[PDB]
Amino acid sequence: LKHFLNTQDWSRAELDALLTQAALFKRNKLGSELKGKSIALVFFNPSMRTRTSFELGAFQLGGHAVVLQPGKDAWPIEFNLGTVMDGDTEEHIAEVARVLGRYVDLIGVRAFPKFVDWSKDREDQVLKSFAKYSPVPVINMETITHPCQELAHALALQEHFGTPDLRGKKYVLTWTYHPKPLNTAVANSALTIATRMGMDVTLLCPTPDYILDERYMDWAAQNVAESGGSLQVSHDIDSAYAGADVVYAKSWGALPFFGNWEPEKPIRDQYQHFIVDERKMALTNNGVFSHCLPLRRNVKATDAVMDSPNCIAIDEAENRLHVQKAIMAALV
């Protein structure tokens, strides 16, 4: 059974086909690819873009999305195997996945890490358990990676430069400030897709402690070797933005300080100058800026940058609708 857990599991030809179908749906949005079919959108965390785009995408293709929130309107779910369920969880994922599988044709799942222990969060237990027990395709709506965001981002870039071939473009994935440590998911995904697309990628971050998990650094290395791009880690702002064609910002807590954010607070607070502003963007080769959203203004990026004509964040957000319809169409 084929799922959409990560773009890394898909071949370049399959991803290219997805992006092309997405472009096609953008030209003709109403279709019958999901006529009479349904998708269960399981959210373990809040969402505005993902819930809205998936719900509308199902509707536009003749299907129907059922939105579920375990712990809120639905029952809390247990994922550990061979355990005595006398705690807070009411039912096991083994039953939940099988039951949903008797109702819907697709299952989307959003589950952010707990932020207590990265060693446990990095296993991607929720998503993997759904994929393991579900008899129908499972779609990652964001866990420790955000593959739907990757494709919306990729499409937006191809549309901006007017070509599907992004090789040679200078891509800067820069860390940004936030009063708290966040999920590395979007950063993991940006690094993954930018390298898979063969761009010259530079991972700009405050210190070596902010380098992404080895898993993704390795995916990136393997992607560069196959795509013809390049990977580089940098801690110098100016040399990074210089001649950049694309700048993608995202904040995340240093992995080594996972679970023990107390001492990491004073560390992030001394790098508030990583905020994307006009000065930095002026160093780029008339580069484009984007963010997965939601974005805190004057913290992650300045009002000027957000309101700049070079900001394609709204276009990237729109593309979430189109690429997700291509994904559901391909899996059903």
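Only the largest set of C-alpha atoms that superpose within 1.5 Å between the two forms is called the rigid core. Residue numbers run from 1 along the displayed sequence.
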Requested in this report: With the rigid core held as the alignment frame, decide whether 80-88 or 214-222 lies farther from the shown form in 5 other deposited structures of this protein, in terms of RMS C-alpha distance.
Outcome: 80-88
Report summary line: Taking the deposited Cα B-factors and averaging over 1-9 and over 321-329, the higher mean is found in 1-9
Requested in this report: Check the entry's C-alpha temperature factors for 99-107 and 238-246, then say which stretch has the higher mean.
Outcome: 238-246
Report summary line: Among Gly71, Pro147, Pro137, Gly229, the highest C-alpha B-factor in the PDB entry belongs to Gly229
Report summary line: Per the deposited entry, the peak Cα B-factor within the set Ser32, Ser38, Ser53, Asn298 goes to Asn298
Query raised in the report: Against its chain's modelled residues, does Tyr271's Cα B factor rank lowest, middle or highest third?
Result: highest
Query raised in the report: Sorting the chain's CA B-factors, does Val305 end up in the lowest, middle or highest third?
Result: highest
Query raised in the report: Of the three thirds of its chain by CA temperature factor, lowest, middle or highest, which one includes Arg49?
Result: lowest
Query raised in the report: Split the chain's modelled residues into thirds by Cα B-factor; is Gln158 in the lowest, middle or highest one?
Result: lowest
**Report entry** Modelled-residue ranking by C-alpha temperature factor, third containing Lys26
**Finding:** lowest
